[PDB]
Protein chains: 2
Amino acid sequence: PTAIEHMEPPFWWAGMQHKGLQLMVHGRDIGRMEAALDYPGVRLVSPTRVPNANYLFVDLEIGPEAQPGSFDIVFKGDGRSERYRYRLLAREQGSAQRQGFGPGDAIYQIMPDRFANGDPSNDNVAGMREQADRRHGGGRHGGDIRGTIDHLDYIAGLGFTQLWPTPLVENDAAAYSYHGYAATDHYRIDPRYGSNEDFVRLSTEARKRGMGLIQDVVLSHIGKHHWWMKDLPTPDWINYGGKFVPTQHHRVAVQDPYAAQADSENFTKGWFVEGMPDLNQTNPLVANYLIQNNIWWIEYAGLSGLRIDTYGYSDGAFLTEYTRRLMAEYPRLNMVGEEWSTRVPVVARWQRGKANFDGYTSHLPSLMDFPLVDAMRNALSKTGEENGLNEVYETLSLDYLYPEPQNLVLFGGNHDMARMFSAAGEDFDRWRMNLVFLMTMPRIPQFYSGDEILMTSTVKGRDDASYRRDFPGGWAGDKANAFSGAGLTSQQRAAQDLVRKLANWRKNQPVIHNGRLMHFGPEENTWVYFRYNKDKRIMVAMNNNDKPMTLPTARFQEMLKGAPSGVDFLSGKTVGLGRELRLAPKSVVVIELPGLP
Amino acid sequence: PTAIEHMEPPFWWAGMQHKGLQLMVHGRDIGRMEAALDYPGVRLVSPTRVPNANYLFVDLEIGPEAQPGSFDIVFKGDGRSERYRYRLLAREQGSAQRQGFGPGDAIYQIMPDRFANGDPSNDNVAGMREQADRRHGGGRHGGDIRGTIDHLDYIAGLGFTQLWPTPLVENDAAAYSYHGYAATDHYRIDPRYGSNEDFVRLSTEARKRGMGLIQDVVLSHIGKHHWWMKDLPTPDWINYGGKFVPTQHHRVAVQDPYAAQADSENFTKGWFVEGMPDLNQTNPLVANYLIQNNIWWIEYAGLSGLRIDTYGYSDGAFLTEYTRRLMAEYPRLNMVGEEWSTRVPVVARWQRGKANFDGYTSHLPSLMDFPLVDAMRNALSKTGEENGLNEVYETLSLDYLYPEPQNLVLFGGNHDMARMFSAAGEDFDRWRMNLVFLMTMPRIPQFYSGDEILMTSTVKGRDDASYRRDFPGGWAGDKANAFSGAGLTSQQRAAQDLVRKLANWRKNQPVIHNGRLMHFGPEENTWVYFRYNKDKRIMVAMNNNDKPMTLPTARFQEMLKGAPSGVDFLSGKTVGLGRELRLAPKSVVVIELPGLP
Ligand SMILES: [Ca+2]
Ligand SMILES: [Ca+2]
Ligand SMILES: [Ca+2]
Ligand SMILES: [Ca+2]
């Protein structure tokens, strides 16, 4: 095999917070060599050997005195010599202080294969294992970075300020490569999406249009076609010695006073599925590898933050160290973990600042708010319930369990669950209530591409393909084009208009970003809440019934303080508030009022 | 009124912890009097008058040097003189240190009107507003203290060590008097049950049989026919000026960062129903009255603890002081509050030792475990779900939210919910799982009278009458008699025998009372858990499927440590454990093993 086949990370930076840098070098008999270098400020620590002759780990300490530049690392032995020109880049100004996504932002989520096909010629790349098939629900359809860049003005125009694509890193599988969650090369964009440089350009073009770029990272597992699997770096690189042993998904076992170690180990070491080998993050070489790789992406691509897949499936102690390291580099960053639970205590456990019964500590800033999303979907779909909205109110009342509930990501939907419009029973009026809720809660809102034109799916069970249909207009020849509005129905257009109206409005509402929330217990499926501060009040009121409802306003006086009326932002009409609030069937109002003293 | 009509409390004790005693005196123009007394150790505090001429509140300070005996309190004014001979009783040896019910106990619950009619002559009492009607689901059927006493041998024989009857205090309503939850006289047993002296004898007779007596108290409300309602002691004695203003039951409002004062006030001040005037516990006279009355019952009747109805419907600050006062008098007491929520965080808020986000402090030792009861009822009823027992496992994993989860009361059922057997879909095998669960969890188990012979009810909604059918054998002429066994089906008898077998066994298993618990995540509706300490392991395994299941025992080796087999306590069969555990359809086994090294 090639001289040096992989050098990882391939370059680094001067002036990082953490001085240490561990290079993973791969090439035939490279482990039989000895490394050497000469550069002021950089110290070579000295080999800690591994049994595999095809890998060498090189431990560097990059002092604060080390300057941007480059130097040769020279590997000598077996009467031969290999070189690698190592570069230490200068950091962009303000790099460490970069502002992560937060309450003022709204995130638009895409799956890059399913959004826009800007270059059909990369749909297939010579040498790769899967051929594209737009007619297969689990196939590659051909979306790419060019297509995403082409439509950044659309996304910004809709009122979004962050872009979250599901993973773009190489997934060279024979089938189901499209989704990105089984990496085969952590340091390379899948060529079907474009180049590493194209991904950097995506970040720079998004930034020009006022948008941050949030990368989707998997830490727990890889794809079985990862080049590591051909020649395991160490016998314990992959959990269970590289052999498939399935997890049974007992997520509470890592945070349960009654837990069996068998179940905790099975959660964090168990293979998610057979095609997804599980990384042993208890091996410090694996821990360092992932930590450095994610830092490399943030620094190289100028990311505003990360979304961290399958969060608790990684080793707990690794997660503590990983979050500490990432947040030490980038103190203002945001990272949002995916803890798939509808139980607030389960999600809350992972957030930075939480006092845990077992002393578990974390620097993770954010989690996906599955409990609150589930609650609202139940309320809007179970329309025969007298007071289904009570589930939302009670779930929200548990916010004290989170150190920073305002930093959680609330979403209309995502690529793993029923389409937002379908979850609302294709009821446009109830869908409006969900959208208003999303845009007014004390959360960071996230929206899934395609929901703005009411794309539908199955609702029963798990049906990935139905949640991931191509965006209309992303492909040459499409009869309808949501980017231009061509071929949309009046209802689809009304949806898109409302998203654009609300998201753009939200950008300019500090009271939503950091004001207080006071909500009232729902009664007969009507719900009133306020966002407030001394400058502004926003009153949201929902009537989740197919009959009109009238709410005496005496109930709300600690918020209304005698306000006789206010203008509803949705309709532009003045709404009476002096003695009663008259709500039409299936209505929602967003009443804007002066400050609360 | 007639001279002194009511004096409350009517007598007290020398040597209580709290030296202060506040007497609430009622009678025609008694407010116009001034009190005087002379007794060593007893000081009369200078009067604080109320505008109502028919009440006088007399403040005493009873020093520790006050001996048991009696003294006249003289009431002078308007040229007349009224007397009351006040008695200070000597307390029983060990009174303050009385052991409250705990993890080693098992509680049998009854409704006194529905258990045993020992004396048909007191079914009606001349003067009372309701006539008995055994055929009316909401009528008085005639159960009484005599009947309860008659069958203490039966209750103790089943293995129970505590008796909890729903309230026996006077309920002189025109309708629905039977349930006890609308007191019309807090210092008097309803004459249809018997006398105050009979209640004392119930306690002493239970004690002779190794059983404690737990009284059911209502703090938040009274019945509309309470004598206070004829002539309100103060204008603010009852919330909302003594007029009906309903609560809307927003329980989370007292414990929600986003709460409106309108909602929290509505929860604690709002009338439960029109027939239940709400006590204003923010009036110190009302607070003192309740605290003193409940302490009076404990000291007078020799109670082992209290069960506190409608827990959060009382004022939060009042509850802190009430629980403080009671636990100060009796440091080892247990009191179990009824917070009707299936949400662990909502129940846990109230338990002594909890660090609450708002700084709320409580001295309440125990609560009813509705979340865990709800979880198991879901698992057993939802026979279409692949792994319903996961709900129980995950609920249990939340026990770290409670300061003392082992002090919580877990129950098979009660008078407010569907019958335990009906909740199990009348599936004897699933019922057995529920019963084993109840008897082996780290909890205080409580059992509802009638469940031991598989009494059934409706399943949906709130249908009180259905849950409260007469105990078979309680009435002369009954053709099914659970006390003697007459008329029971084979299955009903087997249920009864199993309750006896497990409850008596449990009394002798300290590992269940204070052992550790390790549970395993359920898989395909099979579940394995262990109670363990240095002395014993008790393994529970259940197969909630109508097909057999084989579980490899490699999984459970941290608990099994190579045990080849064990004997199932239930069937008495040997159960293999070497390499696989073979479970019959719908089975539960209970296996005793020696303690681990
Ligand atoms: Ca393409
Ligand atoms: Ca893992
Ligand atoms: Ca009777
Ligand atoms: Ca109340």
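Here is how names work: the chains are called A, B, and so on, in the same order as the sequence lines, proteins then strands, and each is numbered from 1. Any value given below was found using the heavy atoms of this structure, including those in side chains, with hydrogens, waters and symmetry copies removed.
- Residue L398(B) touches chain A through its side chain alone, counting heavy-atom pairs closer than 4.5 Å.
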| said: side chain to side chain donor-acceptor pair (under 3.5 Å), that's the test. Do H519(B) and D263(A) meet it? Break it down for me. | reply: CA-CA 10 Å; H519(B) 62 187; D263(A) 282 343; over 6 Å; no
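- Taking all atoms of both residues into account, the shortest heavy-atom contact from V252(B) to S397(A) is CB-OG, 3.6 Å.
- Neither the backbone nor the side chain of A554(B) has a heavy atom closer than 4.5 Å to any heavy atom of chain A.
- Residue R462(A) qualifies as enclosed at atom CZ: its count of foreign heavy atoms under 6.0 Å is above 12.
- Only the backbone of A259(A) comes within contact range of chain B, judged by heavy atoms closer than 4.5 Å.
- Only the side chain of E558(B) comes within contact range of chain A, with heavy atoms under 4.5 Å apart.
- If you tally non-hydrogen atom pairs under 4.5 Å between each of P345(A), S341(A), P442(A) and chain B, the highest count goes to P345(A).
- Of the atoms belonging to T395(B), heavy atoms from both backbone and side chain fall under 4.5 Å from chain A.
- Contacts of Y258(B) with chain A are made by both backbone and side-chain atoms, with heavy-atom separations under 4.5 Å.
- Within a 6.0 Å sphere centred on CZ of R352(A), other residues, nucleotides and ligands contribute more than 12 heavy atoms.
- Top candidate by heavy-atom pairs under 4.5 Å with chain B, chosen from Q255(A), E523(A), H249(A), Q248(A), is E523(A).
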| task | Before giving the answer on side-chain contact (heavy atoms from CB on, under 4.5 Å), spell out for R555(A) and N266(B) the whole-Å C-alpha distance, their side-chain angles and the decisive distance to 0.1 Å. | result | CA-CA 10 Å; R555(A) 190 182 175 204; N266(B) 178 263; over 6 Å; no
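- The aromatic rings of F357(B) and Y400(A) sit parallel to each other, their planes meeting at less than 30°, with 60° as the upper class boundary.
- Within the 4.5 angstrom heavy-atom criterion, atoms from both the backbone and the side chain of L396(B) approach chain A.
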